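First, one chain by itself: the form solved without the ligand, in structure tokens.
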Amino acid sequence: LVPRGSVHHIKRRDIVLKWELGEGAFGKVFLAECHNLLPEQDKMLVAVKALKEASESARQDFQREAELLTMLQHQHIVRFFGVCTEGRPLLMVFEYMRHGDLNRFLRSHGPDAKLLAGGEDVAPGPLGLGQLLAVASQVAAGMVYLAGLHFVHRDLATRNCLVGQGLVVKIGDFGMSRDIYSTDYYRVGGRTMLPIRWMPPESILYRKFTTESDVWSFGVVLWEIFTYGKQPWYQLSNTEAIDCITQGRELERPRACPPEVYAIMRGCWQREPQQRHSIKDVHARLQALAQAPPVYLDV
């Protein structure tokens, strides 16, 4: 009996399901049309998560999620619109992000990309330095918001951010990353899967998760943005990656990454959590560098 959320609700008949976009063990994601959702456009595309169970307990999580989603609303958090409980499966309703998750969007603009990439809103091939820094700065802004609420994300990585038209980037995901990117997790338990390569030593050694462990993961986020989505320590097994983070070894500067960005990343990776700059500090330095992109080019 505490104060509680209030989720907008939505008529199943108002949701016309186009096709599947993705699938995890617990969920399918669809592209869909939603009518009279926002009253100044009739039709509009949305991303609709459908839950695979209605099981007594799997039901009360869906609400507890819906509440929390409704409460976190911010410009770089993916927009949640609300839900539909009128019959089965349950549907959650988000804005649709044309370009998918940031890790995929990065790889599709990699100079290692197999094929070019289209889109009115961004050039194919690799991205301007100002594009990378704006992608960065935008994820940092979601992270400033969350940290302002004192929420800890615990799984920040580009696979868990999403990219919209015009290269708008927002933290958000549909709970399926362990299915869709299962190699980016180490199974330590039975059902327990850790994003090891994005963790700080104190998360790995003490299982302590903080604002500051999120800022470390952010440094790893900048490193992925600058390698065009490569996995950190990809030469290494999960056990070797653990040995690294744990013995103090740090990822190498990517060759797209100017030294001032490598510096920021490096302040995220201080062994001692308190020696790490706040996400506010980082977001300022990244913005300042997005509006005024250093002149770079490589060896």
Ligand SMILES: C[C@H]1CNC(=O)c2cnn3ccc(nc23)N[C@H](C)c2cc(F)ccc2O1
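The term rigid core refers to the maximal set of C-alpha atoms that superpose within 1.5 Å between the two forms. Note that residue numbering begins at 1 and tracks the sequence as displayed.
The form solved in complex with the ligand is left out here; the points below concern that form.
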Checklist entry - Which of 125-133, 106-114, 156-164, 194-202 has heavy atoms within 4.5 Å of the ligand in the entry with it bound? => result 156-164
Checklist outcome for this item: Only hit among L37, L251, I264, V29 for heavy atom within 4.5 Å of the ligand in the entry with it bound is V29
Checklist outcome for this item: Checked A66, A47, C257, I242 for heavy atoms within 4.5 Å of the ligand in the entry with it bound; positive is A47
Next on the checklist: Is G219 near the ligand? Define near as a heavy atom within 4.5 Å, in the entry with it bound.
Outcome noted: no
Next on the checklist: Given that the ligand is not shown alongside this chain, does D101 nevertheless sit within 4.5 Å of it in the entry with it bound, heavy atom to heavy atom?
Outcome noted: yes
Item to check | 4.5 angstroms heavy atom contact with the ligand in the entry with it bound for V78 | outcome: yes
Item to check | Touches the ligand in the entry with it bound: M97 (any heavy atom, 4.5 Å) | outcome: yes
Checklist entry - Check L21, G172 and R178: does every one of them have a heavy atom within 4.5 Å of the ligand in the entry with it bound? => result yes
Item to check | Flagged residue of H76, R197, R178, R159 - C-alpha shift reaching 2 Å or more between the shown form and the other one, core superposed | outcome: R178
Next on the checklist: Closer or farther: how do the Cα atoms of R178 and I204 compare in the entry with it bound versus the shown form, where the change is at least 3 Å?
Outcome noted: farther
Checklist outcome for this item: Shown form as baseline, in the entry with it bound, CA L72-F174 shift of 3 Å or more puts them closer
